[PDB]
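Whatever order the structure lists ligands and atoms in, that order sets their numbers, starting from 1. Computation of the quantities below employed the complete heavy-atom set of this structure, encompassing side-chain atoms and omitting hydrogens, waters and symmetry-equivalent molecules. Numbers for residues simply follow the sequence, beginning at 1.
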Amino acid sequence: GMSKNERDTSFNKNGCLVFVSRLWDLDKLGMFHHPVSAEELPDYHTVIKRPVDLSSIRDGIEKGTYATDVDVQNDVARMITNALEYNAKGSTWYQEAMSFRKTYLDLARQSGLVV
Ligand code: NA
Ligand code: NA
């Protein structure tokens, strides 16, 4: 039968890793791959108090710090919203974030997550 971790389907570790891998590959610019560095954008954290990125999300999935698949999706939603709050409509970064907002739930679904 199922392991205790398998049988608790609130969080599905491997499905969540698939999801992050899909986002990683969708990210042509690599803009969401790693945390925003204050050295690169020193006015960013005045705006964004809850930064998050795909590497940090993957780490949390691996370490088992997410309670549910939806919590993983919440961090992706916030990642995207952060970009649309900080950036100026029309910029390369804004355009990529818009594309992510329209696509991420479909990728979560394809990857086997509860949506
Ligand atoms: Na089994
Ligand atoms: Na599980």
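Checked by atom type and distance alone, the side chain of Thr81 pairs as donor or acceptor with a backbone atom of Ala77 at under 3.5 Å. In this structure a side-chain-to-backbone donor-acceptor pair under 3.5 Å is present from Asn12 to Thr9.
A search for side-chain contact (heavy atoms from CB on, under 4.5 Å) contacts involving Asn74 returns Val70, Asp71, not counting sequence neighbours. The ring-ring contact (aromatic ring centres under 6.0 Å, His included) test applied to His34 returns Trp24, not counting sequence neighbours. Residues passing the side-chain contact (heavy atoms from CB on, under 4.5 Å) test with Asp53 are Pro35, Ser55, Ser56, sequence neighbours excluded.
Listed by chain and residue number, the protein N/O/S atoms under 3.0 Å of the Na ion (ligand 1) are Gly1 O, with waters left out.
Checking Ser3 against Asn5 by side-chain atom types alone, no donor-acceptor pair falls below 3.5 Å.
The Na ion (ligand 2) is the vertex of the angle joining O of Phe11 and O of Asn5, which measures 180° to the nearest 10°.
Considering just the N/O/S atoms of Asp8, the one nearest the Na ion (ligand 2) carries the name O.
Of the residues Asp43, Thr46, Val36, the one that meets the side chain to side chain contact (heavy atoms under 4.5 Å, CB included) test with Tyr86 is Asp43.
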